[PDB]
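Peer 1: To start, I am sharing the structure in question, which I have written as structure tokens.
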Amino acid sequence: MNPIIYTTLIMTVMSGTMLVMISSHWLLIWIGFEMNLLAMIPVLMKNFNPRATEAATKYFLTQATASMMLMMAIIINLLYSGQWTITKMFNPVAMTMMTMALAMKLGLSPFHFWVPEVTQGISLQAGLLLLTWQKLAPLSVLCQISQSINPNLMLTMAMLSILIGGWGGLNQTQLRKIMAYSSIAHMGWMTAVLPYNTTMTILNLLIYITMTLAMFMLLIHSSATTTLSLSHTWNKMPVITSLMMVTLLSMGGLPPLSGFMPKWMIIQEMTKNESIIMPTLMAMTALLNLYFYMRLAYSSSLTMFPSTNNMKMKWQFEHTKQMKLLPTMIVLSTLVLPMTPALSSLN
Amino acid sequence: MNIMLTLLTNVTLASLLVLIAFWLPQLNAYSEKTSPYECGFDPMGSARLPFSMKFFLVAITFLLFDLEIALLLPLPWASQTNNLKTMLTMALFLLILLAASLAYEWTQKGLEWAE
Amino acid sequence: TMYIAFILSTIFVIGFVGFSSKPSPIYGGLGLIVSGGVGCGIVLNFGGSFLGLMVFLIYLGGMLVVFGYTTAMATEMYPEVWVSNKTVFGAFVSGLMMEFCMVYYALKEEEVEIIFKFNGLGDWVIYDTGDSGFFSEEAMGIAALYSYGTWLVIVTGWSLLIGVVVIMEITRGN
Amino acid sequence: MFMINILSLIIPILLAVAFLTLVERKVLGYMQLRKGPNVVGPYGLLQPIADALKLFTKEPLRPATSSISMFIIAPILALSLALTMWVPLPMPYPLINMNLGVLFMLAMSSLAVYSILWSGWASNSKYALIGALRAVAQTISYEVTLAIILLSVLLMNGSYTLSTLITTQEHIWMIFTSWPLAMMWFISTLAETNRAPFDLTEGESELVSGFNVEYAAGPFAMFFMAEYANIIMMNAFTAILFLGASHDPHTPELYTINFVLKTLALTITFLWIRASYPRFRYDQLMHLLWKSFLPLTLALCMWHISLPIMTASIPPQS
Amino acid sequence: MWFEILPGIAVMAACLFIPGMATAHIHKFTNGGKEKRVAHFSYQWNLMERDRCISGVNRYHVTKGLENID
Amino acid sequence: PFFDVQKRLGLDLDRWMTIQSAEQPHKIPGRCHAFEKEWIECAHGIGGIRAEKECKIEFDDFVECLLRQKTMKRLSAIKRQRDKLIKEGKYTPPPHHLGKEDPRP
Amino acid sequence: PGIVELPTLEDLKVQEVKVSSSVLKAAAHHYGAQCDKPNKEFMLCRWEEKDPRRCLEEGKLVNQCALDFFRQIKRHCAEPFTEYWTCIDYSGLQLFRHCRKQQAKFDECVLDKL
Amino acid sequence: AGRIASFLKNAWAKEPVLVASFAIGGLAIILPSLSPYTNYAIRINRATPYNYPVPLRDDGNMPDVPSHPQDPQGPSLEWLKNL
Amino acid sequence: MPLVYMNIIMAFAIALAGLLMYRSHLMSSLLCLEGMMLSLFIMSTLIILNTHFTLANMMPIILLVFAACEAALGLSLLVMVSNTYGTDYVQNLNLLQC
Ligand SMILES: CCCCCCCCCCCCCCCCCC(=O)OC[C@H](COP(=O)([O-])OCC[N+](C)(C)C)OC(=O)CCCCCCCCCCCCCCCCC
Ligand SMILES: CCCCCCCCCCCCCCCCC[C@@H](O)O[C@H](CO[C@H](O)CCCCCCCCCCCCCCC)COP(=O)(O)OCC[N+](C)(C)C
Ligand SMILES: CCCCCCCC/C=C\CCCCCCCC(=O)O[C@H](COC(=O)CCCCCCC/C=C/CCCCCCCC)COP(=O)(O)OCCN
């Protein structure tokens, strides 16, 4: 793919998301979704192979179905109110259709399978862009229509997301599938807090984006797509493994790392509204995510796996390409707990 | 109503012609008469096997250009508006983007049939 | 009344039942063409001649490409028709029975589905008494795509151009 | 009386189709230095009647491998749409007066495409399938170009009503106004009606009769009737759209005579072209429209959008 | 010779004359010897309906005038 | 989530199409222009919660104009009662409803 | 939510204008020039009151002005006007373009007599 | 200018269709901004009365609004009559 | 609501159920996906024409435009899958697992 074509497709993806986030009209929001998907498919298929083709096919099928359901919800809402502005929806059936469509777009359970499948299919850069940006847009739509969200449906899907992410990540060995299930669990947390405080939803989104960017860029730097491939990194660049270990500890929610702040604020906010069973279950279920983060950390940094003989040549050579903002992402994803009251600025 | 009556008349006349064609003449059918035609010899394969489409990309470009012409069709009514300058700018913008699509495909060799 | 709109809606649903039972893409395209023509008729009765003709023309053009693709990519030795397969016939009959049940219930009483409430009365009843004069409101509203709706034209044109670029990039291969 | 008018529109069209068959035979013969049919009747006037009787008394067969349902439907659809295309034509009064009379004809033509596709696929033979795919490609190219050309020409008119076309062409001719679009439209109608040099779906030299290779007796006659009705209808549409005739409301027969004469002239031009030129290849036809007509078509569309505005000559909406 | 083609073209022209002349004659016959009213808009249709109502015979083409107002 | 670039920059990208009481071409009025105008004017500047609590009457009238549910209920009730009455011969339609009158011009 | 109030059939009765669309279209510019005042009053009433029940008197005045206009036409220019609207009536679209002679005769008749 | 002349000579000898297409498109884009009749076309579209001209209630301080259609006040289409 | 809207919504639901229940071919799923947008077009134009929302009449055209953009995307993906595997069967898209 030509660099100019790639950069214009990335610009088109970003333009679709920005159209979604600035539009006050349901038709324009749908147009933004369509533009994002249309420009996102070739980005997935950039490195041509059957796995990438299959991942793009599954992604297209899922997103097209979600867009059809979303447009049906928009039309039904127009039928009963004659309003196009994106506000509280005036029909419960239309609202349920919209909620299920946006959940399918986000990958919330039970609409999650495509997330690990596509992430395994596509490359590391494609997976990074997918997770980050394609979580970014539908969450903005949900925040706009939050006041009419059915709390029962939203919390059911969020709790299912957390459970499914924990269990899948427990079983997996591929790094991209592990990242996909981590994304599912974090989306579950965000949408769980969504009906109460969109500010807390945005805070969780930002912290998750920072941690995911740091982790994916470390994987790109070390060129590791499996556990054993990551087990050789201590013999070439041991600093990358240490940074990955602290980032993994942060993603598990261990204090005083940055990943504790979203969980803490969400639990506080949910308890303010007399929710106790849901926060306790959500907090306890994150131990599965922490377990598979810790299992990944044992192989990479805390223990020394056997290496090979050509690692000597790899020692002799030096990394050429420089990752942009990797130190900033690594610092922001581990050492911003003392800066917690900035969520009022985020408000 | 009138258009429905016209369509019914045309369809009924065609169906009557088919019925007369299939029932008036003497019929004598056997296996050799109704076998498929391949210039006198039995076909090797089947006519339902995949038939490669060397112009598959031009078909998709045709879909997109069909959308473009659908957008352009309401131009005669849009020329009666008071915002003639905005109407002209938008019509020319759409036509220039269609021309740009054609030029991009032509230079990137999307109009060349597969070999 | 003459129930023309209701009859055409029923034929619309039947065509959808066909191509959703999915015998084979040839007959799916046939059913989709029938449904498009009947929908053109429905919206013509409701008032929109330009919209009906446009949707009919667009789907006639689109199903032409689908025929060429199913002749090439999506064909088998014995293509399936509705009576050829047990699953296809079962789905077709299930859809027909559900449509007939809904039609009968709506005609016999004001049928309120589990989702929405429907009243069995005149499509002619729901229409409006008022009239325009010496212009077509639908034609004017569609023609307002250029004076009004400059933003929609921009995003639509960008989407079409990017679609050309994308379909060229996807099929590149190598 | 409406049924009477429908019959008066249908039966003369079929008669004109049969005698167009005869006329094409004789014109091709005299251009090839022959006489053509002159034995069956006085100047061979009973030749179409003999052909029709022979075809409909001959045995029609369904191939063993064919899909009988779509094998039968295709000629029915072809003839039905061929007869239907005539209902909005003003001569000088249309049978059915439509506010959007041009888009109706476009949609019905695009539907008339599928008759040959379904007949070819249903026949279940390789020559039929090859002809069907040639039809697919041809319709792609001519359809896009036809849409844009018609858009520009009607943009010079103001609306989509053929009576308004007559009113527009009261004084001069759209051929004098916009002859380049007229040339490209004539070529596009040749491609649309599958006439030479674009007779690729039924190309006898490469395929043995093409898509209707398995059709015999009556069902073949229906395809022939549909094709010739399309030829005459497209020539009549061209005559109305570009060669406007003077209309007298109190004596409308003069418009009918002028319209018929211009339609016959264009049909004879079709036969003349068939006698004069070789046959295209279908890839060369696709590259002809997209690479030659489509750029000029877009440029002329821009020109005909701008010209009424810059000259303050925008037609009335109604 | 080339004029042996003319009878066939003459028959084809005679066949093509029938539809238009027949339509014109039927339009004048069913509309009281006048042109069939063209109602492309709601205003024209409302005018036709008013003509039907004021005619007193349920035919829009039966036109009434000063002798009918007084 | 929602970045109001349109309001910040004074642009108009889809607000012209959001509602059916806005400027329409040739000043064509909507079916429920009056009801929509009344509801919008009632609910302007008080927020969603107060708009739903206090402008409920205006919204109910707007929805009635849009969907015509109570009107169709009344019409169906009258039709059923009239059919029952003419079934037993207890009602005789007038000639002006039977088509034996001269309507107004 | 209340009872709809409708005027009785007794006060909805008025002398109708029993001419056809062609007759009305023939004497349309003169009608718009002559009975402008009652028509403009009625249109202002309709567009301000937004209620058919509140401008019935203006409608009756409009009918009275129309009848006065047509009686004036009848007493002076019955024949030129009959020829003019007979020419208009023939056309399917009721075109002003095809009757430029009878229109001239009618305008000459009303410019002198009235 | 020599390079441009050579390029146009080569294009006119190899792709006259494309040369003509681009020339016509360029004329279509540029000419309307220079023609003096664009404003006339706008005014003609404005002068068409699709809807009814609802009258204004006279407050006694509207000297520019005619009391009758034939009064000298109001828009004039004398320019359109002789055009 | 009239029965016409009920029929259109039922047709949309039938098309949605058709897409979610694959049989063998990916092309049939694309046909079901195109039918859903046809039903959406019909429903939206019926709603808009009935309420005389004049400016909304341009919405169904944009709906059609992005409909055929999706159809183009699906056809491109289908040709790539067919080139890889020989058939458009959905069973061959199984390399990636959950
Ligand atoms: C399905 C369409 C229905 C509407 C039709 C509308 C009119 C159609 C007009 C076109 C006609 C086309 C054919 C033209 C004539 C030439 C062919 C011909 O003669 O065909 C006739 C066919 C001819 O049979 P054939 O199959 O031997 O045809 C060969 C014909 N020749 C020799 C000329 C080539 O007749 C029959 O099939 C029936 C003959 C008598 C046997 C009757 C059996 C009982 C069923 C029918 C009678 C009614 C029973 C009622 C009670 C039922 C319950 C118990
Ligand atoms: C320049 C900014 C770059 C960064 C942002 C890029 C975002 C994408 C590019 C967007 C550019 C256009 C944005 C502005 C849209 C203007 C819409 C409207 O407000 O202006 C129109 C004015 O239009 C002007 O004529 C020019 C329109 C734009 C001309 C083409 C610009 C194409 C640039 C975009 C290329 C495609 C890329 C898009 C995706 C990146 C309306 O004028 P008006 O007359 O009152 O309309 C009459 C309405 N009435 C009837 C109610 C009165
Ligand atoms: C921006 C204003 C114009 C707006 C759009 C214009 C209308 C639509 C025209 C654009 C449609 C697509 C254009 C495609 C152009 C590139 C296509 C291409 O690749 O052409 C090449 C390159 O050939 C060329 O020479 C490039 C075309 C150069 C034309 C540009 C000339 C610029 C015109 C300036 C106007 C001068 C005025 C002179 C007036 C003369 C009389 C009209 C040749 O094609 P082949 O691949 O060789 O054919 C297949 C062989 N196997």
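In the structure tokens, each chain is lettered A, B, ... as it comes, each chain's residues begin at 1, and ligands are numbered from 1 in order of appearance.
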Ligand 1: which residues are within 12 Å, counting only C-alpha atoms and all ligand atoms, as a PDB file with N, CA and C atoms, in the first residue's frame?
Peer 2:
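For reference, pocket-v8.pdb as written:
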```
ATOM      1  N   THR B  12     -50.422 -10.486 -19.459  1.00  0.00           N
ATOM      2  CA  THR B  12     -51.392 -11.479 -19.905  1.00  0.00           C
ATOM      3  C   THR B  12     -51.199 -11.826 -21.373  1.00  0.00           C
ATOM      4  N   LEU B  13     -50.924 -10.831 -22.218  1.00  0.00           N
ATOM      5  CA  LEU B  13     -50.672 -11.123 -23.625  1.00  0.00           C
ATOM      6  C   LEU B  13     -49.430 -11.988 -23.799  1.00  0.00           C
ATOM      7  N   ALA B  14     -48.346 -11.660 -23.090  1.00  0.00           N
ATOM      8  CA  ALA B  14     -47.134 -12.467 -23.203  1.00  0.00           C
ATOM      9  C   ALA B  14     -47.366 -13.892 -22.709  1.00  0.00           C
ATOM     10  N   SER B  15     -48.087 -14.043 -21.596  1.00  0.00           N
ATOM     11  CA  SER B  15     -48.373 -15.372 -21.073  1.00  0.00           C
ATOM     12  C   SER B  15     -49.256 -16.166 -22.027  1.00  0.00           C
ATOM     13  N   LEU B  16     -50.230 -15.508 -22.660  1.00  0.00           N
ATOM     14  CA  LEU B  16     -51.054 -16.190 -23.652  1.00  0.00           C
ATOM     15  C   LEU B  16     -50.219 -16.640 -24.840  1.00  0.00           C
ATOM     16  N   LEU B  17     -49.276 -15.804 -25.278  1.00  0.00           N
ATOM     17  CA  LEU B  17     -48.399 -16.210 -26.370  1.00  0.00           C
ATOM     18  C   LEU B  17     -47.585 -17.440 -25.993  1.00  0.00           C
ATOM     19  N   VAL B  18     -47.041 -17.465 -24.774  1.00  0.00           N
ATOM     20  CA  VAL B  18     -46.281 -18.635 -24.332  1.00  0.00           C
ATOM     21  C   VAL B  18     -47.172 -19.867 -24.292  1.00  0.00           C
ATOM     22  N   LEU B  19     -48.385 -19.720 -23.760  1.00  0.00           N
ATOM     23  CA  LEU B  19     -49.293 -20.855 -23.651  1.00  0.00           C
ATOM     24  C   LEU B  19     -49.652 -21.409 -25.023  1.00  0.00           C
ATOM     25  N   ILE B  20     -49.932 -20.530 -25.987  1.00  0.00           N
ATOM     26  CA  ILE B  20     -50.218 -20.986 -27.344  1.00  0.00           C
ATOM     27  C   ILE B  20     -49.001 -21.680 -27.938  1.00  0.00           C
ATOM     28  N   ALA B  21     -47.809 -21.125 -27.705  1.00  0.00           N
ATOM     29  CA  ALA B  21     -46.596 -21.710 -28.266  1.00  0.00           C
ATOM     30  C   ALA B  21     -46.345 -23.107 -27.720  1.00  0.00           C
ATOM     31  N   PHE B  22     -46.625 -23.328 -26.440  1.00  0.00           N
ATOM     32  CA  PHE B  22     -46.327 -24.608 -25.810  1.00  0.00           C
ATOM     33  C   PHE B  22     -47.446 -25.632 -25.933  1.00  0.00           C
ATOM     34  N   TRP B  23     -48.588 -25.279 -26.520  1.00  0.00           N
ATOM     35  CA  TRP B  23     -49.706 -26.214 -26.534  1.00  0.00           C
ATOM     36  C   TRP B  23     -50.258 -26.458 -27.932  1.00  0.00           C
ATOM     37  N   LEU B  24     -50.173 -25.461 -28.807  1.00  0.00           N
ATOM     38  CA  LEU B  24     -50.667 -25.640 -30.172  1.00  0.00           C
ATOM     39  C   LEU B  24     -49.894 -26.689 -30.964  1.00  0.00           C
ATOM     40  N   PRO B  25     -48.565 -26.663 -31.039  1.00  0.00           N
ATOM     41  CA  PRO B  25     -47.865 -27.584 -31.936  1.00  0.00           C
ATOM     42  C   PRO B  25     -47.773 -28.998 -31.384  1.00  0.00           C
ATOM     43  N   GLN B  26     -47.492 -29.926 -32.295  1.00  0.00           N
ATOM     44  CA  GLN B  26     -47.267 -31.314 -31.924  1.00  0.00           C
ATOM     45  C   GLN B  26     -45.927 -31.459 -31.217  1.00  0.00           C
ATOM     46  N   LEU B  27     -45.930 -32.183 -30.104  1.00  0.00           N
ATOM     47  CA  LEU B  27     -44.750 -32.356 -29.268  1.00  0.00           C
ATOM     48  C   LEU B  27     -44.223 -33.774 -29.419  1.00  0.00           C
ATOM     49  N   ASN B  28     -42.907 -33.897 -29.570  1.00  0.00           N
ATOM     50  CA  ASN B  28     -42.252 -35.202 -29.610  1.00  0.00           C
ATOM     51  C   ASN B  28     -40.863 -35.012 -29.011  1.00  0.00           C
TER      52      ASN B  28
ATOM     53  N   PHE D  56     -44.715 -20.201 -34.526  1.00  0.00           N
ATOM     54  CA  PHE D  56     -45.652 -20.588 -33.481  1.00  0.00           C
ATOM     55  C   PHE D  56     -46.348 -21.913 -33.750  1.00  0.00           C
ATOM     56  N   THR D  57     -46.207 -22.486 -34.945  1.00  0.00           N
ATOM     57  CA  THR D  57     -46.628 -23.861 -35.169  1.00  0.00           C
ATOM     58  C   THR D  57     -45.485 -24.857 -35.048  1.00  0.00           C
ATOM     59  N   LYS D  58     -44.252 -24.387 -34.876  1.00  0.00           N
ATOM     60  CA  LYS D  58     -43.142 -25.293 -34.630  1.00  0.00           C
ATOM     61  C   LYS D  58     -43.104 -25.718 -33.162  1.00  0.00           C
ATOM     62  N   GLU D  59     -42.474 -26.859 -32.918  1.00  0.00           N
ATOM     63  CA  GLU D  59     -42.409 -27.438 -31.581  1.00  0.00           C
ATOM     64  C   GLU D  59     -41.389 -26.706 -30.718  1.00  0.00           C
ATOM     65  N   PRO D  60     -41.771 -26.194 -29.547  1.00  0.00           N
ATOM     66  CA  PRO D  60     -40.780 -25.670 -28.603  1.00  0.00           C
ATOM     67  C   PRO D  60     -40.401 -26.714 -27.568  1.00  0.00           C
ATOM     68  N   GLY D 218     -41.950 -20.676 -30.348  1.00  0.00           N
ATOM     69  CA  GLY D 218     -42.571 -19.481 -29.829  1.00  0.00           C
ATOM     70  C   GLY D 218     -41.716 -18.634 -28.905  1.00  0.00           C
TER      71      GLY D 218
END
```
Peer 1: Neighbours of ligand 2 at 8 Å or closer, counting only C-alpha atoms and all ligand atoms: which residues, as a ChimeraX atom specification?
Peer 2: /A:11-12,15 /B:83,85-87,89-90,93 /C:147-151,154-155,157-158 /F:11-13,16,23,25
Peer 1: Can I get the residues close to ligand 3 as a PyMOL selection string, where close means within 8 Å and we count only C-alpha atoms and all ligand atoms?
Peer 2: (chain B and resi 95-96+99-104+106-107+109) or (chain D and resi 291+294-300+302) or (chain H and resi 8+10-12+14-26+29)
Peer 1: Residues of chain I within 8 Å of chain A, using only C-alpha atoms, as a PyMOL selection string?
Peer 2: chain I and resi 33+36-37+40+43-44+47+59+66+69-70+73-74+77+80-81+84+93-98
Peer 1: I need the residues of segment 17-102 of chain B that end up classed as alpha helix (DSSP H) by DSSP on the backbone, written out as a PyMOL selection string.
Peer 2: chain B and resi 17-23+56-72+75-78+84-102
